[PDB]
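Working notes for the structure below.
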Amino acid sequence: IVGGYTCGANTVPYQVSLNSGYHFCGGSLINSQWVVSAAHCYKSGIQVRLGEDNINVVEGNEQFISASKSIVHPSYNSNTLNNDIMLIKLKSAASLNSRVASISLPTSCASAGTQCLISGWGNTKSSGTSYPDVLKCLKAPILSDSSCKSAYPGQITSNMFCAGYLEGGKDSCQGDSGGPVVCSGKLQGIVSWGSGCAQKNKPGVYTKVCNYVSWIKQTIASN
Ligand SMILES: [Ca+2]
């Protein structure tokens, strides 16, 4: 997160860290045994880390649970990043409380101008590299489809939306991938991609979760 603020310990209780010896992607807990992330975060041997604030210090609220199954969207295209969404099933159910909680899936697609909360442990600099140990937060609006397509000609599908600031300075970044975009208490986006971080006229691009609710529910009900 570039240009954000320190969330505070366990203020984002649905935020998860994906760990394969090290943090490499974020995700969102959608019920006691399933996590949603980005398909481009896929790898084998994932451990899901819940209740994290400082990912380098055991602080007392963590739950470490290995993944038993990963399901990349059947139509994921790594060349275009279309359908950049993935489901992860935990080997055992997490213990839910005030500091570890699931986030609700949307019943409708959010509109441009809606203010959302984006979070992650990603890079905090636009020209440089500095990774934080504690969770960072960013409030950003959803941008209109026309401004999104004008910023990324020929690259925005119906499964993507832009959020952020066209003036730059505030954006998600590498290491935030897979993390949540929450608007009005519902998961509306997944950190997907962008050209650099926090660059002028290059806002962040996010997976449009509302298009995948039926696939998520059907998959969870059968796995
Ligand atoms: Ca920790």
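Each chain of the structure tokens is named A, B, ... in the order shown, its residues numbered from 1; ligands are numbered from 1 in display order.
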
Can you list, as a tab-separated table (two decimals) with N, CA and C atoms, in the first residue's frame, every protein, DNA or RNA residue that comes within 12 Å of residue 59 (chain A) when you count only C-alpha atoms, leaving out same-chain residues fewer than 4 positions away?
```tsv
chain	number	residue	atom	x	y	z
A	9	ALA	N	-3.79	-3.09	14.89
A	9	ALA	CA	-3.80	-4.54	15.03
A	9	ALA	C	-5.22	-5.09	15.02
A	10	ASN	N	-5.48	-5.99	14.07
A	10	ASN	CA	-6.72	-6.76	14.01
A	10	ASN	C	-7.95	-5.90	13.73
A	50	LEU	N	-3.99	-16.27	9.68
A	50	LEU	CA	-5.09	-15.41	10.08
A	50	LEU	C	-4.74	-14.68	11.37
A	51	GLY	N	-5.44	-13.57	11.60
A	51	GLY	CA	-5.23	-12.79	12.81
A	51	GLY	C	-3.89	-12.11	12.89
A	52	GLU	N	-3.28	-11.81	11.75
A	52	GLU	CA	-1.96	-11.21	11.70
A	52	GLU	C	-2.04	-9.69	11.75
A	53	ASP	N	-1.09	-9.09	12.46
A	53	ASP	CA	-0.75	-7.68	12.25
A	53	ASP	C	0.71	-7.58	11.83
A	54	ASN	N	1.65	-7.74	12.76
A	54	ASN	CA	3.06	-7.83	12.40
A	54	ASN	C	3.35	-9.26	11.95
A	55	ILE	N	3.65	-9.43	10.65
A	55	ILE	CA	3.86	-10.77	10.10
A	55	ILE	C	5.22	-11.36	10.45
A	63	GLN	N	-3.63	-17.50	13.80
A	63	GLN	CA	-3.99	-18.88	13.50
A	63	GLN	C	-3.30	-19.27	12.20
A	134	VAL	N	3.69	-4.42	9.46
A	134	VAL	CA	2.33	-4.32	9.96
A	134	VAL	C	1.40	-3.96	8.81
```

Test item, alpha helix (DSSP H) assignment across region 4-185 of chain A, answer as a VMD selection string: chain A and resid 145 to 151

File of the preceding selection, C-alpha atoms, as a PDB file, in the first residue's frame:
```pdb
ATOM      1  CA  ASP A 145     -15.678   2.266 -16.266  1.00  0.00           C
ATOM      2  CA  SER A 146     -14.962   4.961 -18.864  1.00  0.00           C
ATOM      3  CA  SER A 147     -12.010   6.442 -16.962  1.00  0.00           C
ATOM      4  CA  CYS A 148     -10.740   2.928 -16.210  1.00  0.00           C
ATOM      5  CA  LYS A 149     -10.800   1.953 -19.892  1.00  0.00           C
ATOM      6  CA  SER A 150      -9.282   5.304 -20.886  1.00  0.00           C
ATOM      7  CA  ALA A 151      -6.360   4.680 -18.516  1.00  0.00           C
TER       8      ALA A 151
END
```

Near residue 168 (chain A), counting only C-alpha atoms, which residues have an atom at most 10 Å away, once you skip same-chain residues fewer than 3 positions from it, shown as an mmCIF file with N, CA, C and O atoms, in the first residue's frame?
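File result-v8.cif, as written:
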```
data_model
loop_
_atom_site.group_PDB
_atom_site.id
_atom_site.type_symbol
_atom_site.label_atom_id
_atom_site.label_comp_id
_atom_site.auth_asym_id
_atom_site.auth_seq_id
_atom_site.Cartn_x
_atom_site.Cartn_y
_atom_site.Cartn_z
ATOM 1 N N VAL A 2 0.744 2.063 -1.039
ATOM 2 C CA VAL A 2 1.453 3.334 -1.149
ATOM 3 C C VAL A 2 0.514 4.448 -0.708
ATOM 4 O O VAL A 2 -0.629 4.526 -1.174
ATOM 5 N N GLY A 3 0.991 5.306 0.190
ATOM 6 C CA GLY A 3 0.213 6.457 0.600
ATOM 7 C C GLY A 3 -0.956 6.150 1.506
ATOM 8 O O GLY A 3 -1.906 6.934 1.561
ATOM 9 N N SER A 126 6.573 4.077 -4.378
ATOM 10 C CA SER A 126 6.316 4.050 -5.813
ATOM 11 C C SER A 126 7.596 4.051 -6.637
ATOM 12 O O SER A 126 7.600 3.537 -7.762
ATOM 13 N N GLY A 164 -8.974 3.995 -6.997
ATOM 14 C CA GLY A 164 -7.817 4.776 -6.614
ATOM 15 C C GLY A 164 -7.930 6.234 -6.997
ATOM 16 O O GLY A 164 -9.020 6.814 -6.971
ATOM 17 N N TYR A 165 -6.800 6.833 -7.362
ATOM 18 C CA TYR A 165 -6.721 8.265 -7.625
ATOM 19 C C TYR A 165 -5.920 8.485 -8.897
ATOM 20 O O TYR A 165 -4.767 8.050 -8.989
ATOM 21 N N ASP A 171 -2.251 4.059 -3.759
ATOM 22 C CA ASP A 171 -2.528 2.882 -4.573
ATOM 23 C C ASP A 171 -2.121 1.642 -3.790
ATOM 24 O O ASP A 171 -1.397 1.728 -2.793
ATOM 25 N N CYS A 197 3.082 1.464 -9.384
ATOM 26 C CA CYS A 197 2.261 1.730 -8.210
ATOM 27 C C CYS A 197 2.136 3.230 -8.008
ATOM 28 O O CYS A 197 3.142 3.945 -7.999
ATOM 29 N N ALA A 198 0.897 3.699 -7.849
ATOM 30 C CA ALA A 198 0.617 5.085 -7.478
ATOM 31 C C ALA A 198 1.071 6.068 -8.552
ATOM 32 O O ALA A 198 1.335 7.238 -8.261
ATOM 33 N N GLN A 199 1.158 5.613 -9.798
ATOM 34 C CA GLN A 199 1.546 6.487 -10.893
ATOM 35 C C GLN A 199 0.346 7.286 -11.384
ATOM 36 O O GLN A 199 -0.803 6.842 -11.305
ATOM 37 N N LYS A 200 0.627 8.479 -11.899
ATOM 38 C CA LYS A 200 -0.428 9.332 -12.425
ATOM 39 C C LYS A 200 -1.141 8.642 -13.582
ATOM 40 O O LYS A 200 -0.508 8.042 -14.455
ATOM 41 N N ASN A 201 -2.471 8.718 -13.573
ATOM 42 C CA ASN A 201 -3.315 8.168 -14.633
ATOM 43 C C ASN A 201 -3.164 6.657 -14.781
ATOM 44 O O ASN A 201 -3.486 6.100 -15.836
ATOM 45 N N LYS A 202 -2.684 5.970 -13.746
ATOM 46 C CA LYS A 202 -2.553 4.512 -13.752
ATOM 47 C C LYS A 202 -3.075 3.962 -12.430
ATOM 48 O O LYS A 202 -2.303 3.501 -11.581
ATOM 49 N N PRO A 203 -4.390 3.991 -12.228
ATOM 50 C CA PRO A 203 -4.956 3.484 -10.974
ATOM 51 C C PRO A 203 -4.849 1.969 -10.892
ATOM 52 O O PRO A 203 -4.503 1.280 -11.853
#
```

Quick one: residues within 10 Å of residue 74 (chain A), only C-alpha atoms counted, chain neighbours fewer than 2 positions away excluded, as a PDB file with C-alpha atoms, in the first residue's frame?
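See out35.pdb below for the written result:
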```
ATOM      1  CA  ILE A  71      -9.053 -23.881  -7.039  1.00  0.00           C
ATOM      2  CA  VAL A  72      -8.053 -21.389  -9.728  1.00  0.00           C
ATOM      3  CA  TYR A  76      -8.219 -17.656 -15.667  1.00  0.00           C
ATOM      4  CA  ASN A  77      -5.961 -16.198 -18.372  1.00  0.00           C
ATOM      5  CA  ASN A  83     -10.768 -13.946 -14.161  1.00  0.00           C
ATOM      6  CA  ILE A  85      -9.590 -15.137  -8.737  1.00  0.00           C
ATOM      7  CA  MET A  86      -8.806 -18.258  -6.723  1.00  0.00           C
ATOM      8  CA  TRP A 215     -19.164 -19.756  -8.936  1.00  0.00           C
TER       9      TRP A 215
END
```

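Residue nearest ligand 1 within the list A:135, A:73, A:88, A:109: A:135 [criterion: smallest interatomic distance, only C-alpha atoms and all ligand atoms].
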
Just asking: which residues within chain A are strand (DSSP E or B) according to DSSP, as an MDAnalysis selection string? chainID A and resid 2 5:6 15:19 23:31 34:37 47:50 63:72 77 82 86:90 104 115:120 136:142 160:163 171 180:183 186:193 199 202 204:208

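Residue nearest residue 180 (chain A), chosen from A:11, A:44, A:28, A:144 and counting only C-alpha atoms: A:28.
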